[PDB]
Q: 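Below is one structure. I have some questions about it.
Hydrogens, waters and symmetry mates play no part in the numbers below; they use all other heavy atoms, side chains included. Note that the numbering runs from 1 along the sequence shown for the chain. Just so you know, ligand 1 is whichever comes first in the structure, and atom 1 is the first atom listed for that ligand.
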Amino acid sequence: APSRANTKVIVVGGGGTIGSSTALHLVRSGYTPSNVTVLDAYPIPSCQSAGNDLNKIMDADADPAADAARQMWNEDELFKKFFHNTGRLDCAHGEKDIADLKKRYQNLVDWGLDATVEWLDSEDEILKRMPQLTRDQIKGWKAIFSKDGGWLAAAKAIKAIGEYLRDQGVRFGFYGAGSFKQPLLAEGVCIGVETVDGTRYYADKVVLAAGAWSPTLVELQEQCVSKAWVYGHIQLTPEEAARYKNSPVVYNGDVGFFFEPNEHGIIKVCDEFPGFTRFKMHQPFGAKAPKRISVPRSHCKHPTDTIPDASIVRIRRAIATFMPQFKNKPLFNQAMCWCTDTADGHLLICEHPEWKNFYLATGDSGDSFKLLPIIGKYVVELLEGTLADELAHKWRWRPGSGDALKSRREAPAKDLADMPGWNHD
Ligand SMILES: *Cc1cc2c(cc1C)nc1c(=O)[nH]c(=O)nc-1n2C[C@H](O)[C@H](O)[C@H](O)COP(=O)(O)OP(=O)(O)OC[C@H]1O[C@@H](n2cnc3c(N)ncnc32)[C@H](O)[C@@H]1O
């Protein structure tokens, strides 16, 4: 077995979140960069990566991995400039949701010494934090304001990792040269990969970090089920955008959520719902015949696609609620953004059970962008046999462990076949 410095690694989906983090940690840990090969369907930051976004939410999760990531977002010189510590305002209306919000302000006294949070008990209190909100729209609302957290400039952070890797001498292959087709196997050991154009790459270890594409590329036995979420954007004038500078992330689980305008004056608005599948017949490597599997419908591959009409209605309601003064702005650059759910919502980070030296690093479950800085550390630990037992178990190979179509969400995802308005072919 080669020394670390002579060990060759291929990261499939290295243009995305987990895959770029993995490449970075291989470099940071003392792998020789020219021994590391990033393969992606699209150049880093991949156009179709779920991390290719103006913004994501950084919450205040107590989990050890999330806390390790939060520290890096605050202190790591590669990542720090992309974390915007604006705070988050979580709003609720009606006795059911206000009951759950109250409960939750008590999970935080209990679980993680509060004082990093405020209860807001009236319209007046919320308006003091977020004065751009409309009083009559928030009649009867309560909120929790969390001081830590905020948002992450997601595309820029992956792009910064790519620039770092390029400058270190990491090898890249994109498009036909980067699109995984199959592993190369010799006597049950993975010795590299082949891409759709027939290019072969040989390495000691292969990481499959293909996000929502992972269950399309190899047979995962429904451990992961791929689903899309949706957003649109509105353009503010400089004067309008100035009013929202450093605004918290604003969220109401019955409505949706929105972010501070970017440096171009654009606000992204998002729905809140259990995701959409797009089932069709497909044959991953290792499947003996085609199967009905949820296969991403990639906005990058089909840039005339939008989102479902149902999704537009929901986003419009979010704008009518949160920003009634902007109800006439067109919602543009509507897109679907793919992730893959496990049954329990934990990652799938494990060696393949039959293909030695092939490792899965997926199962993102819609909440892993905030792990970008840290997650490749764990992947490297997996490759090196040093991953903590609890995590090796939590992230294990586990077909038959529950229905990922519902996962731990409120309902089984609906399918795009049944949701008109996104396909303009
Ligand atoms: C879609 C979404 C996700 C999301 C979010 C809102 C939306 C609409 N809000 C979040 C938030 O507020 N906070 C948070 O922490 N996360 C949030 N997310 C989730 C997050 O985006 C995802 O969990 C995470 O980014 C997933 O990362 P992963 O690395 O698993 O997936 P990826 O970034 O999409 O990268 C996969 C890459 O694989 C490449 N690919 C695909 N096919 C191939 C082949 N054949 N060969 C090689 N590479 C391939 C893709 O191109 C992509 O780069």
Q: Taking atom types as modelled, find out whether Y202 and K8 have a side-chain donor-acceptor pair closer than 3.5 angstrom.
A: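 No - no donor-acceptor pair under 3.5 Å links their side chains.
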Q: Please round to the nearest 0.5 Å and tell me the distance separating atom CG of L372 and atom CG of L78.
A: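 Spacing of CG (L372) from CG (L78) equals 8.5 Å.
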Q: Check for me whether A212 has a heavy atom closer than 4.0 Å to any atom of ligand 1.
A: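 The answer is no: ligand 1 sits nowhere under 4.0 Å from a heavy atom of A212.
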Q: At what distance is the nearest protein heavy atom to atom 31 (O) of ligand 1, and which residue and atom is it?
A: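 For this ligand atom, the closest protein heavy atom is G211 CA, 3.4 Å.
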Q: Does only the side chain of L217 get under 4.0 Å from ligand 1, or the backbone, or both, or neither? Count heavy atoms.
A: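 It is the side chain that gets close, since no backbone atom is under 4.0 Å.
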Q: Distance to 0.1 Å, residue and atom name: give those for the protein heavy atom nearest to atom 2 (C) of ligand 1.
A: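 Closest protein heavy atom to atom 2 (C) of ligand 1: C337 SG, 2.9 Å.
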Q: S46 heavy atoms, cut-off 4.0 Å: which ligand 1 atoms fall inside?
A: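 In order of numbering, the contacting atoms are 50 (C), 51 (O), 52 (C), 53 (O).
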Q: Considering heavy atoms of the protein only, find what lies nearest to atom 24 (C) of ligand 1 and give residue, atom and distance to 0.1 Å.
A: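 Minimum-distance protein heavy atom for atom 24 (C) of ligand 1 reads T17 OG1, 3.8 Å.
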Q: State whether a side-chain donor-acceptor pair under 3.5 Å links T195 with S179.
A: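 Side chains of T195 and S179: no pair found under 3.5 Å.
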Q: Give the residue, atom name and distance (to 0.1 Å) of the protein heavy atom nearest atom 4 (C) of ligand 1.
A: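 Checked against all protein heavy atoms, atom 4 (C) of ligand 1 sits closest to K56 NZ, 3.6 Å.
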Q: So is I57 polar-close to ligand 1, meaning N/O to N/O under 3.5 Å?
A: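 Yes: some nitrogen or oxygen of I57 is under 3.5 Å from one in ligand 1.
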Q: Describe, in one word, how the ring planes of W151 and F259 are oriented to each other, choosing from parallel (under 30°), tilted (30 to 60°) and perpendicular (over 60°).
A: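 It falls in the perpendicular class, over 60°.
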Q: Determine whether the side chain, the backbone, both or neither of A209 has a heavy atom under 4.0 Å from any heavy atom of ligand 1.
A: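 It is the backbone that gets close, since no side chain atom is under 4.0 Å.
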Q: Rounded to the nearest 0.5 Å, how far apart are CZ of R166 and CD of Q168?
A: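 Separation between the atoms: 10.5 Å.
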Q: Is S49 in polar range of ligand 1, meaning some N or O pair under 3.5 Å apart?
A: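 Yes, there is a polar N/O contact under 3.5 Å.
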Q: For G13, counting its heavy atoms only, list the atoms of ligand 1 lying under 4.0 Å from any of them.
A: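 Checking each atom against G13, I get 37 (C), 38 (O), 39 (C), 47 (C), 48 (N).
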Q: Nearest protein heavy-atom contact for atom 38 (O) of ligand 1: which residue, which atom, what distance?
A: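 Closest protein heavy atom to atom 38 (O) of ligand 1: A210 CA, 3.3 Å.
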Q: Take every heavy atom of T362, measure it against each atom of ligand 1, and state whether any distance is under 4.0 Å.
A: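 No heavy atom of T362 comes that close to ligand 1.
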Q: At a 4.0 Å threshold, what atoms of ligand 1 neighbour a non-hydrogen atom of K370?
A: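 Listed by number with element, the hits are 14 (C), 15 (O).
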Q: Using the benzene-type ring in the case of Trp, are the ring centres of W395 and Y378 under 6.0 Å apart?
A: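 Yes, they do, as the ring centres are separated by less than 6.0 Å.
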Q: Starting at OG1 of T277, measure out to CG of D415 and round the result to the nearest 0.5 Å.
A: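 One finds 3.5 Å between OG1 of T277 and CG of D415.
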Q: Under the salt bridge (charged side-chain N to carboxylate O under 4.0 Å, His left out) criterion, do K96 and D254 qualify, and how do the steps go?
A: CA-CA 11 Å; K96 163 92 314 302; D254 187 58; over 6 Å; no
Q: From atom 21 (O) of ligand 1, work out which of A50, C270, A361 has a heavy atom at the shortest distance.
A: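 Closest candidate by heavy-atom distance is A50.
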Q: What part of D367, side chain from CB on, backbone N/CA/C/O, both or neither, has a heavy atom under 4.0 Å from ligand 1?
A: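 For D367, the contact with ligand 1 is made by the backbone alone.
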Q: Look at atom 18 (N) of ligand 1 and find which of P43, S368, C300, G366 reaches it with the closest heavy atom.
A: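 Among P43, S368, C300, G366, the closest heavy atom to atom 18 (N) of ligand 1 comes from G366.
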Q: Among all the protein's non-hydrogen atoms, which is closest to atom 44 (C) of ligand 1, and how far away is it?
A: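 Its nearest protein heavy-atom neighbour is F180 N, 3.5 Å.
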Q: Rounded at 0.5 Å granularity, tell me how far CZ in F82 sits from CH2 in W73.
A: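 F82 atom CZ to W73 atom CH2 measures 8.0 Å (nearest 0.5 Å).
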Q: Report, in ascending order of atom number, the atoms of ligand 1 lying under 4.0 Å from any heavy atom of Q48.
A: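 The atoms of ligand 1 under 4.0 Å from a heavy atom of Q48 are 41 (C), 50 (C), 51 (O).
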Q: For the salt bridge (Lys or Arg N to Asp or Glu O under 4.0 Å) test, which of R398, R408, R396 pairs with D344?
A: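 Going through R398, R408, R396 one by one, the salt bridge (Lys or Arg N to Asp or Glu O under 4.0 Å) with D344 is satisfied by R398 alone.
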Q: At less than 4.0 angstrom from any non-hydrogen atom of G16, what atoms of ligand 1 do you find?
A: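 Taking each heavy atom of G16 in turn, ligand 1 has 33 (O), 35 (O), 53 (O) under 4.0 Å.
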Q: Considering only non-hydrogen protein atoms, determine which one is nearest to atom 16 (N) of ligand 1 and report residue, atom name and distance to 0.1 Å.
A: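 Of every protein heavy atom, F369 N, 3.2 Å lies nearest to atom 16 (N) of ligand 1.
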Q: So which of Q137, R314, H93 actually passes side-chain contact (heavy atoms from CB on, under 4.5 Å) with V255?
A: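 Among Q137, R314, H93, the one meeting side-chain contact (heavy atoms from CB on, under 4.5 Å) with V255 is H93.
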Q: What about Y231: any of its N or O atoms under 3.5 Å from an N or O on ligand 1?
A: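 In this structure, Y231 places no N or O atom under 3.5 Å from an N or O of ligand 1.
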Q: Would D425 and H302 count as having a side-chain donor-acceptor pair, cut-off 3.5 Å?
A: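 No, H302 and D425 have no side-chain donor paired with an acceptor closer than 3.5 Å.
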Q: I need the atoms of ligand 1 closer than 4.0 Å to a non-hydrogen atom of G178, numbered in the order shown.
A: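 Those atoms are 46 (N), 47 (C).
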Q: Output the distance between atom CE (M72) and atom NZ (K370), rounded to the nearest 0.5 Å.
A: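 So the CE of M72 and the NZ of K370 are separated by 15.5 Å.
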Q: When the ring planes of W397 and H352 are compared, do they come out parallel, tilted or perpendicular, using 30° and 60° as the limits?
A: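 Tilted: the ring planes of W397 and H352 meet at 30° to 60°.
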Q: Taking 4.0 angstrom as the limit and counting only heavy atoms of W229, give me the atoms of ligand 1 inside it, by number and element.
A: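 Near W229, meaning under 4.0 Å from one of its heavy atoms, ligand 1 has 8 (C).
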Q: Using a plain distance cutoff, I'd like to know if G19 has any nitrogen or oxygen under 3.5 Å from a nitrogen or oxygen of ligand 1.
A: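 By distance alone, the answer is no.
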Q: State the atoms of ligand 1, each with its element, that fall below the 4.0 Å cut-off from a heavy-atom position in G15.
A: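 The atoms of ligand 1 under 4.0 Å from a heavy atom of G15 are 53 (O).
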Q: Distance-only, no hydrogens or angles: does the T37 side chain make a donor-acceptor pair with backbone N or O of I10 under 3.5 Å?
A: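 No; zero donor-acceptor contacts below 3.5 Å.
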Q: Starting from atom 22 (C) of ligand 1, which protein heavy atom do you reach first, and at what distance in Å?
A: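 The closest heavy atom on the protein side is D364 OD2, 3.3 Å.
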Q: Would you say the side chains of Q106 and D110 form a donor-acceptor pair under 3.5 Å?
A: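 Looking only at side-chain atoms, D110 and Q106 do form a donor-acceptor pair, the distance falling under 3.5 Å.
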Q: When you check the side-chain N and O atoms of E260 and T86, is any donor under 3.5 Å from an acceptor?
A: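 No, because no side-chain N or O of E260 sits under 3.5 Å from a partner of the opposite role on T86.
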Q: Counting only heavy atoms, which portion of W213 has something under 4.0 Å from ligand 1: side chain, backbone, both, or neither?
A: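 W213 to ligand 1: side-chain contact only, backbone stays beyond 4.0 Å.
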Q: For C339, which part has a heavy atom under 4.0 Å from ligand 1: side chain, backbone, both, or neither?
A: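 It is the side chain that touches ligand 1; the backbone stays farther off.
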